[PDB]
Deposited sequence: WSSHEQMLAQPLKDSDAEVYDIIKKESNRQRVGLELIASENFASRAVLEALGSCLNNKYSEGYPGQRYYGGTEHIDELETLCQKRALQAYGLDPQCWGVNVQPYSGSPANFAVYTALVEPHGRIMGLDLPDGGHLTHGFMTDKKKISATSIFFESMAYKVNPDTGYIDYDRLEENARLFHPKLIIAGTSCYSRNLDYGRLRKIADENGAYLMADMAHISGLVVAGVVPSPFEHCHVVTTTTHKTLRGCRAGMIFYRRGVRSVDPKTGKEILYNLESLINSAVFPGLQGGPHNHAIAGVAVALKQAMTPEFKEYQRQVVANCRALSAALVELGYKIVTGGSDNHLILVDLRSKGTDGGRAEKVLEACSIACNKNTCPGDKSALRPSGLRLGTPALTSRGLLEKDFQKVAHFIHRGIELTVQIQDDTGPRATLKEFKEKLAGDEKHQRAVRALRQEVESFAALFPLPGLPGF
């Protein structure tokens, strides 16, 4: 009749032309650019197929033991499988650790941990945004509470030294005695080094606070064994299932379960599960949990372990190649997948550079460097190797890359001379758009990057 209603069978490319091209376009913008954004990566066809399944269609509100609905014989099979793969892939005795796989992304998971362990107005210490922390580790101004984490809990930042780039731990341990936090966060969004979880545990225990690691950026490296495991000192560990773990967007919270002390058990499990549900979320996204389960399988495999070993080495290559060209790397080096490039040695800033490199189809982002005084004119560049390593690039290809980046910095500087010394940014950006002189080089530099990029592959479903 009008029961043409089986438009439900109709495929996207025919149902929504507008959305189809957008996908076809983006997936192409990916194939030709160089992704150096540390938090980016490319999920496998496998993980990606799970997201489109009919598991979207099931409401499984509660947990595998206790659910609020019924046709859940399979969603329980699934969620359990995922919890088991998670604890396995990080090699955790389930008689010591548990895992919640329901958080929707990194952020919710973090939050849910605060709700659970810290309470409304309890204190949190996180590394400052400019010194390398995340928005969810608290973030204020003398005027406003930006991040929900500073709106509902009382937060305080601990900073890195402004000459080493290193977290000043003697400071943290001194202020924590004065601030009295209920939880210390150990995790970063832009830090080249391994965190001393051992010392942090000391500081936490001396205050009767929980040590929480947010290993979102290094989760992949930790599965492989490349960087040291946080699990040895922390009571809780949250993580995205997608930055270097290379899954789809989701989050997990790992918590300790078992014994704790003199003459007493952990209670972490029930508090954290409750906070995620019914505390904060609604029905779990089962297709998401599927992809996470898939990605955890692939992560245990030795092919992942090699990709993760490649990732770090690709970073040492890129560092050296740039060091050799006169660039300063912030802590002098890196223990993992990223580097903080200080562009003050080349006479420019990360604000300007970021834009010129962007126009050349090279992606990265600006970041403040330890010493900076003005988050308005940031001096750094955050470069990471995960996404490009997933497309195959081995060291020699990254030397190729270091060179393109260099050209781009040279380019940004030409525009910084030809712009004037008291030049606003709206200007610099204007001149990069209108001046034909410049457009020529930019266009040339780009035509050169995309072709280099098209050589390696782009993971994903049929073409996209």
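- Positions of the deposited sequence absent from the coordinates form one stretch: 264-269.
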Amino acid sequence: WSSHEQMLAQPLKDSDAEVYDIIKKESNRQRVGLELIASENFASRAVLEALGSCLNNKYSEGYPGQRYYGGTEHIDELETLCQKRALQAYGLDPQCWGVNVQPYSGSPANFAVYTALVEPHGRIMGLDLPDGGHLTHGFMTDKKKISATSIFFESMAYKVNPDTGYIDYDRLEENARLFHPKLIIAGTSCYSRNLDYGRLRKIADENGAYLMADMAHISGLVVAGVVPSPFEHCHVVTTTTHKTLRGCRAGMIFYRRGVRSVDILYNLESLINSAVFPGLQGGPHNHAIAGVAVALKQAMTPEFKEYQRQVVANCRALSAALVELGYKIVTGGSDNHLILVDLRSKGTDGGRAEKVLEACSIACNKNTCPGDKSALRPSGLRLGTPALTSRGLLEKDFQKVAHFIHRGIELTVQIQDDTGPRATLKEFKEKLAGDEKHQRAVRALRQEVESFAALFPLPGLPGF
From here on, numbers count along this sequence of modelled residues.
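- Looking at 118-126 and 311-319 together, the entry lists the larger mean B-factor for 311-319, computed on C-alpha atoms.
- Stretch comparison (94-102 versus 370-378) by mean CA B-factor in the PDB entry places 370-378 on top.
- Highest CA B-factor among 245, 341, 82, 135, as stated in the entry: 341.
- Placement of the Cα temperature factor of residue 404 within the chain: middle third of the modelled residues, per the deposited record.
- When the modelled residues of the chain are ordered by their C-alpha B factor, residue 60 lands in the lowest third.
- Annotation for residue 33: C-alpha temperature factor in the middle third relative to the rest of the modelled chain, per the entry.
- Remark: residue 389 belongs to the highest third of its chain, ranked by C-alpha B-factor as recorded.
- Sorting the modelled residues of the chain by their CA temperature factor places residue 418 in the highest third.
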